[PDB]
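Okay, so here's the structure we're looking at.
What follows draws every value from the coordinates through simple rules; no lab data is involved. Please note: Cβ atoms are built from the backbone with ideal geometry, for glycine as well, and neighbour counts cover all protein chains shown.
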Amino acid sequence: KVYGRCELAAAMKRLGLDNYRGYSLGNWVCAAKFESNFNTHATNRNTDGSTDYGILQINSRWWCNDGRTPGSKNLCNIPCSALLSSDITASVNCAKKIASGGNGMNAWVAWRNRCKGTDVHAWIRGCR
């Protein structure tokens, strides 16, 4: 799947992501095109023996299982798969918990690349 920006972003609101660890959802939204381009089934394999997955584009060897990655942890104890689904909320639910770490959006430098220091409400406006 691949979700439409607004069609998708008030969905995060549903998850209250907005102000998840003080994080405005636009910042979240962003990461999705930048790290997800809002594609549910988009998944990027690394030259590090693993792929980030989902739209979230998070690394398996630390979070999910696709039974593939040598020495992977899957601390999410879940399917790497269950996330690229045309309904990301699941991955979201895991991604969200994953921010419980100190680092924050930092873990998506792509975020720090784009989403960091940027006008995140630039997403919010003109969509209910």
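Assorted remarks:
- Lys, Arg +1 and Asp, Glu -1 on Cβ, resulting dipole of segment 48-128 about Cα centre, debye, nearest 20: 260
- On full extension, the segment bounded by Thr89 and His41 gains 16.0 nm, given 0.36 nm per residue less the C-alpha separation.
- Computed label-point distance, nm, for sites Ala122 and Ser81 using a 7 Å Cα→Cβ extension: 3.8
- Derived scalar couplings between HN and Hα for segment 123-128 equal 9, 3, 5, x, 7, 7 Hz in order, rounded to whole Hz, by the Karplus curve 6.51 cos²θ - 1.76 cosθ + 1.60 (θ = phi - 60°), x for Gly and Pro.
- Principal-axis tilt of helix 89-98 within the chain, Cα atoms, nearest 10 degrees: 80
- Relative contact order %, the chain, counting alpha carbon pairs below 8 Å whose residues are six or more apart: 26
- A simple count of charges around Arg14, restricted to other residues whose Cβ falls under 13 Å of its Cβ and scoring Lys, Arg +1 and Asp, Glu -1, yields 0.
- Acute angle (nearest 10 degrees) that the helix 5-14 long axis makes with the longest principal axis of the chain, alpha-carbon atoms: 80
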